[PDB]
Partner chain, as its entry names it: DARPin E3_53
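Here we start with a single chain on its own, the form deposited without the partner chain, put down as structure tokens.
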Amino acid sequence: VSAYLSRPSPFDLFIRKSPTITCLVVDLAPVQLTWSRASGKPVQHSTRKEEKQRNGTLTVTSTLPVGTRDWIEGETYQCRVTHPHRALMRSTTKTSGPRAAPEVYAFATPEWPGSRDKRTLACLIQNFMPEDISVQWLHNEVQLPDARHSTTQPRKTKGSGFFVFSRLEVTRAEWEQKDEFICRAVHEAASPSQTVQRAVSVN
């Protein structure tokens, strides 16, 4: 029975402007989740989700909407996990410390033998702080569904700053409609709109 409490994605916080936090309870034995704010102020209604897993574990998640300004101005949120009558407290707040905007480099790999129809696009995003980042790919100025790319977890560079890589597979028809895809990073330290974007062309 462990619990995990996430921060809002940069995308939800700065672009969609409706941030949420999630409390995730992996219950090894088939539970109330209670939200509160350190400031003492009221919390919104939360959404409780539960599901038996493919290994027989019960998973419970509660998703709480939070105010944008509240979150950016340093509010702490608390998830309390209890049974009918000991408890587990998780809390989350924005990260402190120095800020640094991400640097974005997008690349297209050449044709590998035997797959004339598919190209791989890659994006290196590095030297940002703190490590919360959202990565999106755009094609023809429209944002692609999140499930079409995968992004690695942030790792520490040698000095300061984190880096992630993102991967996008494109078909021949996509780059032949227009040969410009965009890798966009959403991060709190990027100015002035909290986004940094770079284009790449297949041929």
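Residue numbers count along the first chain shown, from 1.
What follows is about the form deposited with the partner chain bound, which we do not show.
In the deposited complex, none of the heavy atoms of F181 sits within 4.5 Å of a heavy atom of the partner chain. Contact annotation: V196 falls within 4.5 Å of the partner chain in the deposited complex, judged by heavy atom distances. When the partner chain is considered in the deposited complex, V25 lies well away from it, no heavy atom lying within 4.5 Å. Contacts with the partner chain in the deposited complex, taken as any heavy atom within 4.5 Å, map within 1-28 to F11, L13, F14, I15, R16, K17, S18, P19.
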